[PDB]
Protein chains: 2
Amino acid sequence: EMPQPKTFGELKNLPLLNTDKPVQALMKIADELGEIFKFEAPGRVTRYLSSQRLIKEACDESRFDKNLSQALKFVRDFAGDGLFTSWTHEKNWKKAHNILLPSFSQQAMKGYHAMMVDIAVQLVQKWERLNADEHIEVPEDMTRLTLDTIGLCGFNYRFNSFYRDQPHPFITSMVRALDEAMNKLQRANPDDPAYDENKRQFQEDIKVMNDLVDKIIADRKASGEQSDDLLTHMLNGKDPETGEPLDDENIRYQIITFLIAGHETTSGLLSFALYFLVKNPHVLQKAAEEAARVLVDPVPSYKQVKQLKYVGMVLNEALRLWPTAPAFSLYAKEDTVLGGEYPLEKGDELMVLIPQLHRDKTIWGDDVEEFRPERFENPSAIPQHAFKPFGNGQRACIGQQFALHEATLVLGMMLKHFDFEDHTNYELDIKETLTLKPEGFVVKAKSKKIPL
Amino acid sequence: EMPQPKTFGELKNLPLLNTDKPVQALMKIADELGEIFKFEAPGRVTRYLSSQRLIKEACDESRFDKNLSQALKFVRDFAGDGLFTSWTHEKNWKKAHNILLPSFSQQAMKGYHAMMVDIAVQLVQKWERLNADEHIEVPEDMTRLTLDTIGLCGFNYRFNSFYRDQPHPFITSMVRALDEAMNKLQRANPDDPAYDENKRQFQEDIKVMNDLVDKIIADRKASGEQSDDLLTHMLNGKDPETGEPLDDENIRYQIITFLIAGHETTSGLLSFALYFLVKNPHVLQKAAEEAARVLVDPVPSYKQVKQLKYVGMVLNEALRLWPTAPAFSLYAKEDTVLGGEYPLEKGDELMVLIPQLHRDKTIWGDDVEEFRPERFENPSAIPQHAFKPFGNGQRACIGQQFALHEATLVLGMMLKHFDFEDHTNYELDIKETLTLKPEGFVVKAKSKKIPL
Ligand SMILES: O=C(O)[C@H](Cc1c[nH]c2ccccc12)NC(=O)C(F)(F)C(F)(F)C(F)(F)C(F)(F)C(F)(F)C(F)(F)C(F)(F)C(F)(F)C(F)(F)C(F)(F)C(F)(F)F
Ligand SMILES: O=C(O)[C@H](Cc1c[nH]c2ccccc12)NC(=O)C(F)(F)C(F)(F)C(F)(F)C(F)(F)C(F)(F)C(F)(F)C(F)(F)C(F)(F)C(F)(F)C(F)(F)C(F)(F)F
Ligand code: HEM
Ligand code: HEM
């Protein structure tokens, strides 16, 4: 019999998600119940997996395909049949997949590098210009950087986040829509007139996001600057299989999708990485020494970023402990037996609980809570399906190399140009908005006074 | 019998200042009544002068000395015996004057230049980074620039105004204090319990300004870097006459004074200059041609800024029409007859209405409202005391060379790097906060794509 956490009569397990930190709650449940537990709500069931033993079966694409979790079905209200919220079998998924993969080729990535540097230099200059005793609001500045990077690299659009003391309106609306989706999970009678205003606000925030997408497309339309970026591929690329391009409706959904997926989780990653660095000073020193050794020019080169091996290890270890898109959903393609123990029928759902997978002591050893970048000295040594911060198979993250190149560049420059102080002895507090991010994480920087 | 505008019974002329635009109202009164009129309030009188023939007499320092207008007396509540709000006969006036005069020498200006460029480059980069069809909020960005320039050049303190979409809190508090003082002029029964909230906010706004001053001082003493800026002279300079340095209390007053006087009127100047340029495209062409011909390096030099003659003529003509500190006050040192017609007793007050002086048709010709920089092409041709945007005599603006160097550099770079469009066909609306500035002035820039 499958373990199951505590129930609330007719509501079954649903009230367990009536919390501001649902993923962290599910992790605690996994600690108590083990590698698999059933989670029921009125009218639905899923099974949360936490061991590599079971997740390696879940990642077999002949047996399971990507499912849209409840969260993703609600995000689909604004993300449509964009890549993240489309089913594998929808024509627009494989079309967009084939059309946009070229936007993340090696040659594309080399092409984005200069614009990544543009935004990174803005970050470095902001911090150089701070006065004595001033501090840095880490997740806020990381969100400024990542949003601006996807906007510029992807769409030749400048959000100019470093010119604002508040979040860009896009961010404010995105955040409000995302945690409104985190709210809709735990609810009942959605057509209740009580939520007429919540729907009005949801539609308002969606309109804000779509108005900006309108601007991006119109600006490209009127331009004559010869762009060869993500939007270029959206507007002109043809799917080799069907021979078709994307239509205008799908393009709008892809823009929204990439603006959100293309920064939020990267800002979390950078925030967690800097957190672990300041909490582990020997690791910080080792990373700083690499940055100084490798980044010998005022502008980092593409090749130099690729040579930041230890900074890459730091980022992977941060993703191990706190993968910022912490779960993904699967359904059974056919009847099948999971783990030689659990019979599933076609259509049965699974949730992969990534932070728990990443704490599987049979894979990582007993010290799973310790921050040790050296675990990733040779990424080849990690068993298959043991480390899954970017999902699985053909439905894995399309932007993984983009995110990692950006984060490595930025963290490298940060470690080259400043020493960091955990001046408040910050107590980790992880805010959940579907994605994960340190809340209230602040540091002080002291410039090493190296020119740009 | 001296002319006098309309009266309001026992309140006399006081309610004429109960307007958001008191200087402009006084200008209209001057147009109606001529070169001199009496202005009375309960328990006080002054005489407003508008002609060069009477103002030249008023500028005779053997007969008249600087007076603190009622406005300056209320500003003195936070500016103390700083240079702007001290009487000539107060020890701390000549003392501070002697100590700080060398901080505005050519040797000093050459010293500030690099930091002026620092902030100007931030301005240019902001505008380069705007998207298609976005516009510029002119007085807002000019205030960002001028505040940051005096902060950095004067005090090695970065307000980082370009990192904010709202004004720096210092600005918010400064403006509230200034317009309170303007609004406190027109008040009858100022101790009415209705104005208690206004008194409470005024004291809060003073506290904001003083905390910022305390931080500037604290930073300097803690700092280990070698500065030789305005603050260095305030803290270490000795007056050659008395042999004394400034005491701590006076230094605080000077910092407040220079932060306010050292940026507000310069932001107005730059805003009016750009307004007149976009309203006079042939003038804009001449100024842009000069900027292109002279500013041949990505980083302008001090020598190149001195070479921008036409840009200087533009700024002077903007100061002719809209001098941004639009009046100054004098008192009669002894009994004397003004203009062979108006007998004055010792202590009698005069107000010099600078915008009206600058429209004296007997001096400038009949076309006084037209924007023609060429009036300043042969500067000795301007009669004595006909052009007084920087006040008079030993109580003249100590920062004139700073303001003009900054404004010439910045306007030069603006004209080098962008074409400008008056896309809204903006209707001049002058906001008064004691000082004058266009309100709601917006333009679009098109980059000339010249690298920095
Ligand atoms: O939605 C579900 O089915 C279950 C909770 C659940 C289980 N059973 C239920 C029954 C009724 C109601 C809810 C449940 N959700 C989760 O466990 C979960 F962890 F919250 C999630 F929903 F899985 C998730 F991890 F938060 C998440 F939403 F998928 C996610 F990973 F954070 C994510 F939001 F999708 C993302 F992938 F992280 C994302 F990046 F934020 C994103 F939403 F995909 C996105 F990229 F931003 C977007 F795609 F752009 F939105
Ligand atoms: O204050 C007065 O005595 C008369 C009005 C008046 C006349 N009679 C009165 C009787 C009762 C009450 C009021 C009156 N004031 C004006 O006519 C006037 F034009 F508003 C003004 F006050 F002179 C003035 F122009 F605003 C001003 F005071 F000169 C001025 F603008 F404040 C200024 F001095 F020019 C100034 F330089 F701009 C400034 F505002 F003071 C200033 F420079 F910004 C500053 F605030 F002093 C500084 F920034 F701190 F330096
Ligand atoms: C640290 C950074 C990132 C993390 C942790 C992350 C994580 C993930 C995960 C877990 C998935 C699979 C979701 C699922 O199966 O339901 C995914 C898919 C995706 N990611 Fe990311 N991602 C990151 C950065 C980015 C960036 C920078 C982009 C774009 C520039 C992006 C675009 C996408 C897209 C489009 C998909 C959907 C792919 C498809 O199904 O066809 N991601 N990502
Ligand atoms: C366009 C810009 C400026 C204008 C139009 C302007 C105008 C004036 C005027 C009219 C006065 C005389 C006031 C009176 O008689 O009551 C004055 C005095 C003064 N100005 Fe300015 N000014 C400008 C810029 C600056 C700057 C940049 C600074 C400082 C960096 C500054 C500092 C002062 C000081 C300290 C005084 C008082 C001088 C004294 O009495 O000893 N000004 N200014």
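Sequence lines set the chain letters: A, B, ... in the order given, protein chains first and strands last, and positions in each chain run from 1. Every heavy atom of this structure was used, including side-chain atoms; hydrogens, water molecules and symmetry mates were not.
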**Item:** Heavy atoms from other residues, nucleotides or ligands near CG of B/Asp297 exceed 12 (cutoff 6.0 Å)
**Value:** yes
So CZ of B/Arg164 and CD of A/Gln166: to nearest 0.5 Å the spacing works out to 11.0 Å
- prompt: Crowded around B/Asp419 CG? As in, over 12 foreign heavy atoms under 6.0 Å?
  reply: yes
| field | B/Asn131 (side chain) donor-acceptor with A/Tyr157 (main chain) under 3.5 angstrom | value | no
Under 4.5 Å to a heavy atom of chain B? For A/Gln125 that would be both
Neighbour count >12 (heavy atoms, 6.0 Å) for atom CG, B/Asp228: no
| request: Count the heavy atoms of every other residue, nucleotide or ligand shown that sit under 6.0 Å from NZ of A/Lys446, and state whether that count exceeds 12. | output: no
Carefully, step by step, assess B/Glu134 and A/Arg158 under the rule side-chain contact (heavy atoms from CB on, under 4.5 Å). CA-CA 11 Å; B/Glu134 292 184 345; A/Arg158 288 180 182 270; over 6 Å; no
*asked:* Please determine whether the number of non-hydrogen atoms from other residues, nucleotides or ligands lying under 6.0 Å from atom CG of A/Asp247 exceeds 12.
replied: yes
For B/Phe162 and A/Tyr163, the nearest pair of non-hydrogen atoms, with its separation, is O-CD2, 3.1 Å
- Message: Contact between A/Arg129 and B/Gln122 at the side-chain level, heavy atoms closer than 4.5 Å - yes or no?
- Response: yes
